[PDB]
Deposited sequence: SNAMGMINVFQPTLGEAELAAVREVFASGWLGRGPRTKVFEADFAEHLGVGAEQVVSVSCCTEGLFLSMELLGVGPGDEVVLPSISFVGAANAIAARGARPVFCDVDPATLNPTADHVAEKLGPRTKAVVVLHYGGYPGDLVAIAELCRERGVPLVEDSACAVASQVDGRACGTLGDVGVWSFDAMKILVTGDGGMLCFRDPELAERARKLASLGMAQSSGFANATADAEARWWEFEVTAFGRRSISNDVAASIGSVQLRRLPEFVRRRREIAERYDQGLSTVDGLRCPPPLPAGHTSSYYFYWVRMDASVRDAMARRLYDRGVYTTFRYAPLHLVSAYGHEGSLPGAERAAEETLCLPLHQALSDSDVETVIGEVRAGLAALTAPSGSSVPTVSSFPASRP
């Protein structure tokens, strides 16, 4: 067979929610979207007026660069280890994405890494929480606050992560989540925005709805917006997935701890570093580090043995589309030494033991 790196778990509970939406006859953005937004805001510890449901996280990232007003001559700092949609959201506006480095052991940037790229042109910072680890999020948010620079949190890895009881995505100025088929809370497709400023959230609702502002069929256009909204079919699924999310993360956590127990004695292999005090992870990735000369061979050997692996996220500063970038040794090293092992709540205990054994046997053969 084949053990996947990512996998969602939707079933009869989610189907029953879809059934009610079909039977209601209202499948577009409606009462289910309001409920899911309020449910998610409670999950974050924010008001319901601060959260805006969108079609996907990429669209949320694009909208945030539009709302922040970035454009030609501006710069937006984000780690080279970022989702390609983040850099595209910057570049499509005419702004220049400026890539900072990361700690190769965590693939998260430190506050110093971010600060080394800030300048008079910086109009925003974008950061993710690699694998669910918040990283240096608190010091980064404090840095951007002192510099007067808006901080956008791409929280797609960290739907349930917290620092000292504060949900990731709420420490900066804008938070963006993904609910696509590869994440944890999964609605097929779907995204969420969270604005520290409620008035900026009100602009997002209008912009996501074609820039419209409303006999009752006439309207005005305040911006040439796209259609960036989700629907009640996805939202009703989201409320169910949100209730199951703690169970998902608990299962992902015990799998990760079993990985630690089975792989922490292996020479030439580094498991993920421990979570800092007061940090909780969503356990989105389980990344192992090895010598660069065997990382690719490991992935190919594991693929032949029925264990799929991959790497996230490809260093965007090596993508020539984004212009002349410099050297980023942390991201360059991680891109050569890191491999992501399967980690999701659909893994059986048999799959977990298969991954552990195939990784041990693979390393012994390549060393």
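Student: Could you spell out the stretches of the deposited sequence that were left without C-alpha coordinates, going in sequence order?
Tutor: Missing CA coords at 1-4, 219-231, 385-402.
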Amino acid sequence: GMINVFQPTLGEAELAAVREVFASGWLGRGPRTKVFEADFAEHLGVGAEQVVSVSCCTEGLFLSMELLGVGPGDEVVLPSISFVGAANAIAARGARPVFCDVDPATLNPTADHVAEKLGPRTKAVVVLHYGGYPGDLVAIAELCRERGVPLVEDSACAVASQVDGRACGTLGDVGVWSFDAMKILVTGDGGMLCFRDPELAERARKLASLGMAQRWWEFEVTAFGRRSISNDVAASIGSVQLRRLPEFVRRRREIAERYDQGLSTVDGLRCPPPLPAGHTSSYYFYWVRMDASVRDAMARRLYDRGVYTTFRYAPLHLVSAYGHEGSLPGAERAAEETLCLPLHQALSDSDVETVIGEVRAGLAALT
From here on, numbers count along this sequence of modelled residues.
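Student: Mean Cα B factor from the PDB record: higher for 295-303, or higher for 36-44?
Tutor: Between 36-44 and 295-303, it is 295-303 that shows the higher mean C-alpha B-factor.
Student: Name the higher of the two by mean Cα B-factor in the PDB entry, 260-268 versus 69-77.
Tutor: Per the deposited B-factors, the answer is 260-268.
Student: Choose from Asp154, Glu218, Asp103, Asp180 the residue with the greatest Cα B-factor as stated in the PDB record.
Tutor: Among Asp154, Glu218, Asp103, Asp180, the highest C-alpha B-factor in the entry belongs to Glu218.
Student: From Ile237, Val127, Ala167, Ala139, can you pick the one with the highest C-alpha B factor in the entry?
Tutor: Highest CA B-factor of the listed options: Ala139.
Student: Going by the entry, which third of its chain does the Cα temperature factor of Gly190 land in?
Tutor: Within its chain, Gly190 is a lowest-third residue by C-alpha B-factor, going by the deposited values.
Student: Can you work out whether the C-alpha temperature factor of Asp349 puts it in the lowest, middle or highest third of the chain?
Tutor: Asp349: CA B-factor falls in the highest third of its chain.
Student: Would you please rank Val21 by its C-alpha temperature factor against the other modelled residues of its chain and give the third it falls in: lowest, middle or highest?
Tutor: For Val21, whose C-alpha B-factor we compare with every modelled residue in the chain, the answer is the lowest third.
Student: Tell me, lowest, middle or highest third: where does the Cα B factor of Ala87 rank within its chain?
Tutor: Answer is middle: the recorded C-alpha B-factor places it there.
Student: Among all modelled residues of this chain, ranked by Cα B factor, put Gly211 in the bottom, middle or top third, i.e. lowest, middle or highest.
Tutor: As the PDB entry reports it, the C-alpha B-factor of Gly211 lands in the middle third of its chain.
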